[PDB]
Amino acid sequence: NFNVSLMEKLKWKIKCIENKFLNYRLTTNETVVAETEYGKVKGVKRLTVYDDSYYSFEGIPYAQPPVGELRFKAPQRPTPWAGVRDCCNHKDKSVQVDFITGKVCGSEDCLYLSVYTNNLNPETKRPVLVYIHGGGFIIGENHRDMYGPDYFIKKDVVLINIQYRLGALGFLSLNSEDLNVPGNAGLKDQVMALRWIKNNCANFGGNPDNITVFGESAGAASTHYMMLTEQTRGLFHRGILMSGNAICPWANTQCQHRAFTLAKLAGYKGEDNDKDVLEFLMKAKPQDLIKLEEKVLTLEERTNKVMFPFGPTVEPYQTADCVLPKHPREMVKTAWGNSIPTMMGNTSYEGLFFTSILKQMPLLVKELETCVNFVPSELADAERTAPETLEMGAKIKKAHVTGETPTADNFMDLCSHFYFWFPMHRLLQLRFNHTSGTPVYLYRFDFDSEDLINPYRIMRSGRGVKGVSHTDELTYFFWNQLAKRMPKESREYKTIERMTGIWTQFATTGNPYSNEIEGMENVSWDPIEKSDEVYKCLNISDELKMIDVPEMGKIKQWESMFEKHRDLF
């Protein structure tokens, strides 16, 4: 139910127009060819508004276009071309509802990756940074107007921005084994992209034995799944989980009966058997299926906090390309990615994301009178009325409800733990108590600014809203069409250098610490220990500071829910 001011839409439209002109003025007459395993690609040198330069390769295919017969199926190897492929322009994004215009946009032909570097023949093979975009497995792209590499190319890395399939086209799951639609096609897209990166990044000056995958939100859950699944074993070497992981409630779902339901909304007209539902969905118009996803969830599922109709899932039977054979919790216990350096973190006010949704639908704070809807499904009964479940809601009410009446602030603070802090805590402990995993570095993004923004602020109508929301940190990692040239001495600019500098440092060494990052002199950044009772993290504000996590107290309160059921923690 995300709505955007009609003026903001006009203002966004004029920005799209203006961004086309800027993009041209930063394009150079310098093109260049790189080799790949499937053939030659042609890129272009581009400039930044800071007058840095980099080589851009966009729309490199890592898989066959998943159309016709390939709809809902695992991606297959792309086919080699002779000659030279023009990669001087972006290709289209995955079919999705545009988060601003509310229109359906994109294309089924979306399996592409983009490669950026400041030097195509460096004296050393560079760290490779792979970004998986977020958007709830329902939106997002690798377009430079949302995820410009302009900041990262100040640093000596190869940066790669991937696409993957989204929504029902990415994540439709059917139980029938005859059909070859187990689910997670968009996740298997990512695996194949990652595989391409390992086999080809050297051709762009990157070190295949030094690959970092990071992502934010659904991109972080994606990164984690890429660290869990046996498909990607040993393929990368560092992982960064930005505001998300694979055991977040929103990060997965058993969507196997939602396909008959999607077919129905599209004009089916047949029986609830997987075979005929797939037959019909295989003829449906892509844009129409995507249009109707928002109505697939029943009020009961929405009330039980199911976020999306289609997403990552436990696959109902084994296949060769199976990415998620068991529950994420179970896969953690056996995860190869436990063995690699890991950095995690969240913004300092994640739930602030829901500010204008609560304005649209104010009858939501009443869900805090009893916090029954936010009790983890493991503990909550079917009807969610049993005294054990009320007793536990009460534990959450105590942690978040500030007065005698629950408010907007309480709800948004509760969401920060429900969607982010608590799952990350659980992952940290489960990681210690069932695996020998390499300790994790924690950060906390707490830098607020209204002077430089990204387009997610528009989507949630968060302009002028003070506080550091889910999504706010991407502004200091990526150029976007709403960004601007900042004075070299300003607050926002130094955060860019810090964030990009810390991620680069972590991608290089496995340790985010550097004394060459201004503000980070005198910082003692320790990884989290099994023994630790309170986590310590680098709080990223105007100054960099090692505080212990302020959310700890409340995280401990959420943990008490599991007092009697200590094995499900």
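Start at 1 and count along the sequence shown; that's the residue number.
**Per the entry, higher mean C-alpha B factor between 517-525 and 26-34** = Mean CA B-factor is higher for 517-525.
Please work out which of 350-358 and 316-324 has the higher mean CA B-factor as recorded in the PDB entry.
Between 350-358 and 316-324, it is 350-358.
*Tell me, please, which of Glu108, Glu141, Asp272, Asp472 has the highest C-alpha B factor according to the deposited entry?*
Going by the entry's C-alpha B-factors, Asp272 comes out highest.
**Item:** Candidate set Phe374, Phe478, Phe171, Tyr131 [ranked by C-alpha B-factor, highest]
**Value:** When the deposited C-alpha B-factors of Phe374, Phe478, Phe171, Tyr131 are compared, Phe374 is largest.
Among the modelled residues of this chain, does the Cα B factor of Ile60 put it in the lowest, middle or highest third?
CA B-factor rank for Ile60: lowest third.
Item checked: Modelled-residue ranking by C-alpha temperature factor, third containing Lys333 -> For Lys333, the deposited C-alpha B-factor lands in the middle third.
Hey, what third does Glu492 fall into on Cα B-factor, ranked over its chain?
Within its chain, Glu492 is a middle-third residue by C-alpha B-factor, going by the deposited values.
Taking only the Cα B-factors deposited for this chain, tell me whether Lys283 sits in the lowest, middle or highest third.
Its C-alpha B-factor belongs to the middle third of this chain's values.
Could you look up the Cα B-factor of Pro387 in the entry and say which third of the chain it sits in: lowest, middle or highest? It falls in the top third of the chain.
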